[PDB]
Amino acid sequence: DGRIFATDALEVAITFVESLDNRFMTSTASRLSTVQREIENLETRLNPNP
Amino acid sequence: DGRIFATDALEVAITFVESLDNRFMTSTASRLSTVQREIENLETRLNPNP
Amino acid sequence: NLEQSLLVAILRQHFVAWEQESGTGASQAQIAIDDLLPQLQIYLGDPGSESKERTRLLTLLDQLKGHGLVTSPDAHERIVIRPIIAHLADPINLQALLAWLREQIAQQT
């Protein structure tokens, strides 16, 4: 469309280097509470017993 | 103590290639549900009003 | 040599410390090897393999016992510091070598 774009290869390569250097991390504390709540919901839904 | 382990450098290098040919996708309806609940909670917590 | 003298310094420090704690009597001046690993790790670094550094450390210790300064590790990996160190490490030698070390820092700088 006359406008350039970033192949997915670039997306992965870039998100790699960012995580690499020792600036502060990608994930952070909330991640834990996130996996927490999502696991709760995922179990509750997955459970077929009424 | 003679039990070899992997430095984080190797952790990253691996995570770059095992999710390379098949980078299991994140652009997922479940991901959206996750973000949606995330906001549902973060707002309500950041809302000081009774 | 240098690194050997480095270890010598560490030992003498422990020696004098325990000598205070127990008086300047006979050589019950015992140390546990694992304690040396932290201290020496700062200078010679960390090749990232505990066994490698222990090999290094024991090679050094051995060489020292060649000069008679230290008993080799026992069953409990403890060694006693031979008192001959203190004379090898009296303030006069310390000051002379320290001046020479400063000289070397100057030459390198």
# chains A, B, ... in the order shown; residues from 1 in each chain; ligands from 1
$ calpha_fit_and_write --fixed "chain A" --moving "chain B" --output "short mmCIF file (atom, residue, chain, number, x, y, z; two decimals) with N, CA, C and O atoms, in the first residue's frame"
data_model
loop_
_atom_site.label_atom_id
_atom_site.label_comp_id
_atom_site.auth_asym_id
_atom_site.auth_seq_id
_atom_site.Cartn_x
_atom_site.Cartn_y
_atom_site.Cartn_z
N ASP B 1 2.28 -0.59 -1.69
CA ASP B 1 1.82 0.69 -2.21
C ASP B 1 2.78 1.82 -1.86
O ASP B 1 2.36 2.96 -1.61
N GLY B 2 4.07 1.53 -1.80
CA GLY B 2 5.06 2.54 -1.51
C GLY B 2 5.19 2.89 -0.04
O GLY B 2 6.12 3.61 0.32
N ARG B 3 4.29 2.41 0.81
CA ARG B 3 4.41 2.55 2.25
C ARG B 3 5.17 1.36 2.81
O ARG B 3 4.59 0.28 2.98
N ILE B 4 6.44 1.55 3.09
CA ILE B 4 7.29 0.46 3.56
C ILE B 4 6.80 0.02 4.93
O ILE B 4 6.25 0.82 5.69
N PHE B 5 6.97 -1.26 5.22
CA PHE B 5 6.63 -1.81 6.52
C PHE B 5 7.73 -2.76 6.96
O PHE B 5 8.65 -3.06 6.19
N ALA B 6 7.64 -3.22 8.20
CA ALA B 6 8.65 -4.08 8.79
C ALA B 6 8.17 -5.52 8.77
O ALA B 6 7.10 -5.83 9.30
N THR B 7 8.97 -6.40 8.18
CA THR B 7 8.68 -7.82 8.25
C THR B 7 8.82 -8.29 9.69
O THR B 7 9.55 -7.72 10.50
N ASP B 8 8.12 -9.38 10.00
CA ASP B 8 8.14 -9.88 11.37
C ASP B 8 9.55 -10.21 11.80
O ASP B 8 9.88 -10.15 12.99
N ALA B 9 10.40 -10.61 10.86
CA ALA B 9 11.79 -10.86 11.20
C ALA B 9 12.39 -9.66 11.91
O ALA B 9 13.03 -9.79 12.96
N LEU B 10 12.18 -8.47 11.36
CA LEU B 10 12.69 -7.28 12.02
C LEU B 10 11.99 -7.05 13.35
O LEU B 10 12.63 -6.62 14.32
N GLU B 11 10.69 -7.31 13.43
CA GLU B 11 9.99 -7.19 14.70
C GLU B 11 10.71 -7.99 15.78
O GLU B 11 11.01 -7.47 16.86
N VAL B 12 11.00 -9.25 15.49
CA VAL B 12 11.67 -10.10 16.46
C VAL B 12 13.05 -9.54 16.78
O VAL B 12 13.40 -9.36 17.95
N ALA B 13 13.84 -9.25 15.75
CA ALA B 13 15.19 -8.77 16.01
C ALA B 13 15.16 -7.59 16.96
O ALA B 13 15.94 -7.53 17.92
N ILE B 14 14.26 -6.64 16.74
CA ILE B 14 14.17 -5.50 17.64
C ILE B 14 13.78 -5.96 19.03
O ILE B 14 14.41 -5.58 20.02
N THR B 15 12.75 -6.80 19.13
CA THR B 15 12.32 -7.21 20.46
C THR B 15 13.41 -7.97 21.20
O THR B 15 13.32 -8.12 22.42
N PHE B 16 14.42 -8.45 20.49
CA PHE B 16 15.55 -9.09 21.15
C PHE B 16 16.52 -8.11 21.78
O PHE B 16 17.19 -8.47 22.75
N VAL B 17 16.62 -6.89 21.27
CA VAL B 17 17.64 -5.97 21.75
C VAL B 17 17.09 -4.84 22.58
O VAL B 17 17.76 -4.39 23.53
N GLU B 18 15.89 -4.34 22.32
CA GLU B 18 15.32 -3.30 23.15
C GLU B 18 14.92 -3.81 24.52
O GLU B 18 14.71 -3.00 25.43
N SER B 19 14.82 -5.12 24.69
CA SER B 19 14.54 -5.72 25.97
C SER B 19 15.76 -6.57 26.33
O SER B 19 15.67 -7.68 26.84
N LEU B 20 16.94 -6.02 26.03
CA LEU B 20 18.20 -6.72 26.22
C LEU B 20 19.01 -6.09 27.34
O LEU B 20 19.29 -6.73 28.35
N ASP B 21 19.39 -4.82 27.17
CA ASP B 21 20.07 -4.13 28.25
C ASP B 21 19.12 -3.89 29.41
O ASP B 21 19.48 -4.06 30.57
N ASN B 22 17.88 -3.51 29.10
CA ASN B 22 16.81 -3.46 30.08
C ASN B 22 15.69 -4.34 29.56
O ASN B 22 14.75 -3.87 28.91
N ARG B 23 15.78 -5.63 29.87
CA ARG B 23 14.65 -6.52 29.70
C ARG B 23 13.70 -6.30 30.86
O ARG B 23 13.91 -6.82 31.96
N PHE B 24 12.66 -5.50 30.64
CA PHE B 24 11.74 -5.22 31.73
C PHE B 24 11.20 -6.51 32.31
O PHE B 24 10.70 -7.38 31.59
N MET B 25 11.30 -6.63 33.62
CA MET B 25 11.18 -7.93 34.27
C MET B 25 9.74 -8.41 34.28
O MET B 25 8.79 -7.63 34.27
N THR B 26 9.61 -9.73 34.32
CA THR B 26 8.32 -10.39 34.43
C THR B 26 8.10 -11.05 35.78
O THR B 26 6.95 -11.26 36.16
N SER B 27 9.17 -11.34 36.52
CA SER B 27 9.09 -12.01 37.81
C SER B 27 8.57 -11.01 38.84
O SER B 27 9.29 -10.50 39.69
N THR B 28 7.28 -10.74 38.74
CA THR B 28 6.68 -9.61 39.42
C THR B 28 5.47 -10.08 40.21
O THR B 28 4.70 -10.92 39.75
N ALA B 29 5.32 -9.50 41.40
CA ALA B 29 4.17 -9.85 42.22
C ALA B 29 2.88 -9.70 41.43
O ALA B 29 1.96 -10.52 41.56
N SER B 30 2.79 -8.67 40.60
CA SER B 30 1.60 -8.50 39.78
C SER B 30 1.45 -9.68 38.83
O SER B 30 0.33 -10.15 38.58
N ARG B 31 2.56 -10.17 38.28
CA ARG B 31 2.48 -11.36 37.43
C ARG B 31 1.89 -12.53 38.20
O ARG B 31 1.09 -13.30 37.65
N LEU B 32 2.28 -12.68 39.46
CA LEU B 32 1.74 -13.75 40.27
C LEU B 32 0.25 -13.56 40.50
O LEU B 32 -0.53 -14.51 40.42
N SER B 33 -0.16 -12.33 40.78
CA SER B 33 -1.59 -12.07 40.91
C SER B 33 -2.31 -12.45 39.62
O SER B 33 -3.41 -13.01 39.65
N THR B 34 -1.69 -12.14 38.49
CA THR B 34 -2.27 -12.48 37.20
C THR B 34 -2.47 -13.98 37.08
O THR B 34 -3.57 -14.45 36.77
N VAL B 35 -1.42 -14.74 37.34
CA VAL B 35 -1.53 -16.19 37.23
C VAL B 35 -2.59 -16.69 38.19
O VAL B 35 -3.35 -17.61 37.88
N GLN B 36 -2.65 -16.10 39.38
CA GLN B 36 -3.59 -16.57 40.38
C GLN B 36 -5.02 -16.39 39.92
O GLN B 36 -5.84 -17.32 40.02
N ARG B 37 -5.34 -15.22 39.40
CA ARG B 37 -6.67 -15.02 38.84
C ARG B 37 -6.89 -15.94 37.64
O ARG B 37 -7.99 -16.47 37.45
N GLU B 38 -5.85 -16.12 36.83
CA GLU B 38 -5.95 -17.01 35.68
C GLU B 38 -6.45 -18.37 36.12
O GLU B 38 -7.37 -18.93 35.53
N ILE B 39 -5.83 -18.93 37.16
CA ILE B 39 -6.25 -20.23 37.65
C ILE B 39 -7.63 -20.14 38.27
O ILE B 39 -8.51 -20.97 37.99
N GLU B 40 -7.86 -19.12 39.10
CA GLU B 40 -9.19 -18.92 39.67
C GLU B 40 -10.27 -19.07 38.62
O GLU B 40 -11.34 -19.62 38.88
N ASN B 41 -10.01 -18.58 37.41
CA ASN B 41 -11.01 -18.64 36.36
C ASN B 41 -10.97 -19.98 35.63
O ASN B 41 -12.01 -20.60 35.39
N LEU B 42 -9.77 -20.42 35.24
CA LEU B 42 -9.65 -21.62 34.42
C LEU B 42 -10.20 -22.83 35.14
O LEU B 42 -10.91 -23.65 34.55
N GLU B 43 -9.89 -22.97 36.43
CA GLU B 43 -10.48 -24.04 37.21
C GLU B 43 -11.99 -23.96 37.18
O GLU B 43 -12.67 -24.88 36.73
N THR B 44 -12.53 -22.84 37.66
CA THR B 44 -13.97 -22.73 37.78
C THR B 44 -14.66 -23.06 36.47
O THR B 44 -15.71 -23.70 36.46
N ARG B 45 -14.06 -22.66 35.35
CA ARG B 45 -14.61 -23.01 34.05
C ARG B 45 -14.48 -24.50 33.75
O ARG B 45 -15.41 -25.08 33.19
N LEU B 46 -13.36 -25.11 34.11
CA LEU B 46 -13.15 -26.52 33.85
C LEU B 46 -13.82 -27.42 34.87
O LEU B 46 -13.76 -28.64 34.74
N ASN B 47 -14.43 -26.84 35.89
CA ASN B 47 -15.14 -27.61 36.90
C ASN B 47 -16.57 -27.85 36.46
O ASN B 47 -17.42 -26.97 36.65
N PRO B 48 -16.90 -29.01 35.89
CA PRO B 48 -18.26 -29.21 35.38
C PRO B 48 -19.31 -29.32 36.46
O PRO B 48 -20.50 -29.12 36.17
N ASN B 49 -18.93 -29.62 37.68
CA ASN B 49 -19.92 -29.91 38.70
C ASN B 49 -20.74 -28.66 39.01
O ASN B 49 -20.19 -27.56 39.06
N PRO B 50 -22.05 -28.80 39.23
CA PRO B 50 -22.85 -27.61 39.58
C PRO B 50 -22.56 -27.06 40.96
O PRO B 50 -22.25 -25.87 41.10
#
$ residues_around --residues "region 20-30 of chain C" --least-positions-apart "6" --cutoff "10 Å" --atoms "only C-alpha atoms" --output "PyMOL selection string"
chain C and resi 14+71+78-83
$ atom_distance --atom1 "CA of residue 92 (chain C)" --atom2 "CA of residue 64 (chain C)"
20.4 Å
$ residues_around --residues "region 4-8 of chain C" --least-positions-apart "3" --cutoff "12 Å" --atoms "only C-alpha atoms" --output "JSON, numbers by chain"
{"C": [1, 11, 12, 13, 14, 15, 36, 37, 39, 40, 41, 42, 43, 44, 56, 57, 58, 59, 60, 61, 62, 63, 64, 65, 66, 67, 68, 69, 70, 81, 82, 83, 84, 85, 86, 87, 88, 89, 90, 93, 94, 97, 98, 101]}
$ write_last_selection --atoms "N, CA and C atoms" --output "short mmCIF file (atom, residue, chain, number, x, y, z; two decimals), in the first residue's frame"
data_model
loop_
_atom_site.label_atom_id
_atom_site.label_comp_id
_atom_site.auth_asym_id
_atom_site.auth_seq_id
_atom_site.Cartn_x
_atom_site.Cartn_y
_atom_site.Cartn_z
N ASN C 1 55.54 -15.20 45.21
CA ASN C 1 55.07 -14.37 44.13
C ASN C 1 53.84 -13.57 44.57
N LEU C 11 45.53 -14.83 54.89
CA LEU C 11 45.79 -15.74 55.98
C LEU C 11 46.23 -14.97 57.21
N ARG C 12 47.24 -14.13 57.06
CA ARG C 12 47.75 -13.37 58.19
C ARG C 12 46.64 -12.61 58.87
N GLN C 13 45.72 -12.04 58.09
CA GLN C 13 44.59 -11.36 58.69
C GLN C 13 43.82 -12.31 59.60
N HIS C 14 43.46 -13.48 59.07
CA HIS C 14 42.74 -14.43 59.91
C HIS C 14 43.57 -14.82 61.12
N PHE C 15 44.86 -15.01 60.91
CA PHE C 15 45.76 -15.44 61.98
C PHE C 15 45.71 -14.46 63.12
N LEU C 36 37.67 -18.98 52.79
CA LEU C 36 38.58 -18.33 51.87
C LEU C 36 37.94 -18.07 50.52
N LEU C 37 37.06 -18.96 50.06
CA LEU C 37 36.53 -18.82 48.71
C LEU C 37 35.89 -17.46 48.50
N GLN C 39 36.45 -14.55 50.07
CA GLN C 39 37.43 -13.48 50.12
C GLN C 39 38.29 -13.47 48.87
N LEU C 40 38.88 -14.61 48.53
CA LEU C 40 39.74 -14.66 47.36
C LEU C 40 38.96 -14.47 46.08
N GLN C 41 37.66 -14.75 46.10
CA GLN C 41 36.88 -14.63 44.88
C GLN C 41 36.88 -13.20 44.35
N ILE C 42 37.00 -12.22 45.24
CA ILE C 42 36.87 -10.83 44.82
C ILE C 42 38.01 -10.45 43.89
N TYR C 43 39.20 -10.97 44.14
CA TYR C 43 40.39 -10.51 43.44
C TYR C 43 40.65 -11.33 42.19
N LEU C 44 40.85 -12.63 42.35
CA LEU C 44 41.06 -13.49 41.20
C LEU C 44 39.79 -13.68 40.39
N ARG C 56 41.96 -24.03 41.96
CA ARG C 56 42.85 -22.89 42.06
C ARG C 56 43.32 -22.69 43.50
N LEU C 57 42.38 -22.63 44.43
CA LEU C 57 42.70 -22.33 45.81
C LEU C 57 43.61 -23.38 46.40
N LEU C 58 43.32 -24.65 46.15
CA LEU C 58 44.15 -25.70 46.71
C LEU C 58 45.52 -25.71 46.07
N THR C 59 45.61 -25.42 44.78
CA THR C 59 46.92 -25.28 44.17
C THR C 59 47.72 -24.21 44.90
N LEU C 60 47.10 -23.06 45.15
CA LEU C 60 47.80 -22.02 45.90
C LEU C 60 48.22 -22.53 47.27
N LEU C 61 47.27 -23.05 48.04
CA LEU C 61 47.58 -23.50 49.38
C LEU C 61 48.75 -24.46 49.36
N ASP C 62 48.67 -25.47 48.50
CA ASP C 62 49.80 -26.36 48.31
C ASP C 62 51.09 -25.58 48.17
N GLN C 63 51.15 -24.69 47.18
CA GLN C 63 52.38 -23.94 46.98
C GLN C 63 52.83 -23.28 48.27
N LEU C 64 51.89 -22.77 49.06
CA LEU C 64 52.26 -22.15 50.32
C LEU C 64 52.89 -23.16 51.26
N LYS C 65 52.30 -24.35 51.36
CA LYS C 65 52.87 -25.35 52.25
C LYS C 65 54.26 -25.74 51.77
N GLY C 66 54.54 -25.56 50.48
CA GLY C 66 55.91 -25.72 50.02
C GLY C 66 56.85 -24.74 50.69
N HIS C 67 56.36 -23.54 50.98
CA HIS C 67 57.14 -22.58 51.75
C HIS C 67 56.96 -22.79 53.24
N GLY C 68 56.12 -23.75 53.63
CA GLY C 68 55.98 -24.15 55.02
C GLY C 68 54.97 -23.35 55.81
N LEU C 69 54.16 -22.52 55.17
CA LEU C 69 53.31 -21.59 55.89
C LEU C 69 52.00 -22.19 56.35
N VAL C 70 51.58 -23.33 55.80
CA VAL C 70 50.23 -23.81 56.03
C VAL C 70 50.21 -25.32 55.90
N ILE C 81 47.21 -22.31 60.46
CA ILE C 81 48.19 -21.40 59.92
C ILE C 81 49.50 -21.58 60.66
N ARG C 82 50.53 -21.92 59.94
CA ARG C 82 51.83 -22.02 60.57
C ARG C 82 52.26 -20.65 61.08
N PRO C 83 52.70 -20.56 62.34
CA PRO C 83 53.08 -19.24 62.87
C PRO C 83 54.19 -18.57 62.09
N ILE C 84 55.04 -19.33 61.40
CA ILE C 84 56.10 -18.72 60.59
C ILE C 84 55.57 -17.61 59.71
N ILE C 85 54.27 -17.63 59.41
CA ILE C 85 53.70 -16.56 58.59
C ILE C 85 53.94 -15.21 59.23
N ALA C 86 53.68 -15.09 60.53
CA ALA C 86 53.73 -13.78 61.16
C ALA C 86 55.08 -13.11 60.93
N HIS C 87 56.16 -13.88 61.04
CA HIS C 87 57.47 -13.33 60.75
C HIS C 87 57.63 -13.03 59.27
N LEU C 88 57.06 -13.88 58.41
CA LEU C 88 57.01 -13.54 57.00
C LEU C 88 56.15 -12.32 56.75
N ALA C 89 55.30 -11.98 57.71
CA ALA C 89 54.29 -10.94 57.54
C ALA C 89 54.32 -9.99 58.72
N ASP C 90 55.51 -9.64 59.18
CA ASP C 90 55.63 -8.61 60.19
C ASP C 90 55.41 -7.25 59.56
N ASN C 93 57.86 -6.12 56.68
CA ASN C 93 57.67 -6.68 55.35
C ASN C 93 56.41 -6.13 54.73
N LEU C 94 55.35 -6.00 55.53
CA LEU C 94 54.10 -5.49 54.99
C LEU C 94 54.30 -4.10 54.41
N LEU C 97 56.67 -4.29 51.16
CA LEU C 97 55.94 -4.83 50.02
C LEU C 97 54.83 -3.89 49.60
N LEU C 98 54.19 -3.23 50.56
CA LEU C 98 53.11 -2.31 50.24
C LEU C 98 53.63 -1.13 49.45
N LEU C 101 54.21 -2.37 46.04
CA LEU C 101 52.94 -2.52 45.35
C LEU C 101 52.44 -1.17 44.84
#
$ select_by_dssp --residues "region 8-46 of chain A" --states "alpha helix (DSSP H)" --output "ChimeraX atom specification"
/A:8-20,30-46
